[PDB]
Amino acid sequence: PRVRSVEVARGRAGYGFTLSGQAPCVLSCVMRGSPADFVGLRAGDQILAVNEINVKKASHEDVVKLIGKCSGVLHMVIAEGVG
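Thresholds applied
- Residues numbered from 1 in each chain as written, not as in the entry; some residues may be left out.
- Heavy atoms only, no water.
- Buried < 20%, exposed > 50% of the residue type's maximum accessible area, 1.4 Å probe, protein only.
- Helix = DSSP H or I, 4+ residues; strand = E, 2+ residues; numbered from the N terminus.
- Arc of directions from axis to C-beta.
- Contact = heavy atoms within 4.5 Å.
- Core = buried A, V, L, I, M, F, W, Y, C linked by side-chain atoms within 4.5 Å.
- Pairing = 2+ DSSP bridges.

Per the deposited record, solution NMR is how this structure was determined.

Chemist: What's the story with helix α1 (residues 60-67) in this structure? I'm lost.
Modeler: Residues separated by three or four positions in an α-helix point in the same direction, a consequence of the helix having 3.6 residues per turn. Within the sequence span of α1, burial applies to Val63, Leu66 and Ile67. Down the axis of α1, the buried set is contained in an arc of 100°. They therefore lie on one face. Exposed residues on α1 whose side chains face more than 90 degrees from its buried face are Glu61 and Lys65. As for α1, its buried residues are in contact with β2 (46-50), β3 (53-54) and β4 (74-79).

Chemist: Sorry, what's going on with the nonpolar core here?
Modeler: Soluble globular proteins: nonpolar side chains tend toward being buried together. Counting 20 residues, the largest nonpolar core has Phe17, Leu41 and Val50 as its most contacted members. Secondary-structure elements contributing two or more residues to this core are β1 (3-8), β2, α1 and β4.

Chemist: Help me understand the sheet that holds β2 in this model?
Modeler: Hydrogen bonds between backbone groups are what pair the strands of a sheet, and the pairing can be parallel or antiparallel. Here we have four strands laid out as an open sheet, ordered β1-β4-β2-β3, and antiparallel in their pairing. Two strands lie at the open edges of the sheet, namely β1 and β3, each paired on one side alone. Note that β1 and β4 share six bridges and pair antiparallel. Following the sheet pairing, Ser5 is matched in β4 by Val77.

Spelled out as structure tokens, the structure:
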């Protein structure tokens, strides 16, 4: 039970998973088969850092902006709560 990082390889139209965290950035769910699942993403992992910058209570648009700026791959630091 600790914090880790995941490297997602953005394809062409994004990745496939879903993001929803007005305040507490969290991966609502992932689509098995996308570059996100290829690393080992599992819905529930709370997003702490996005693009090397923390986002405990950041803005949804700002967080998305960072992910849509990867230009090939994004570095997200999430923590597994259950399991």
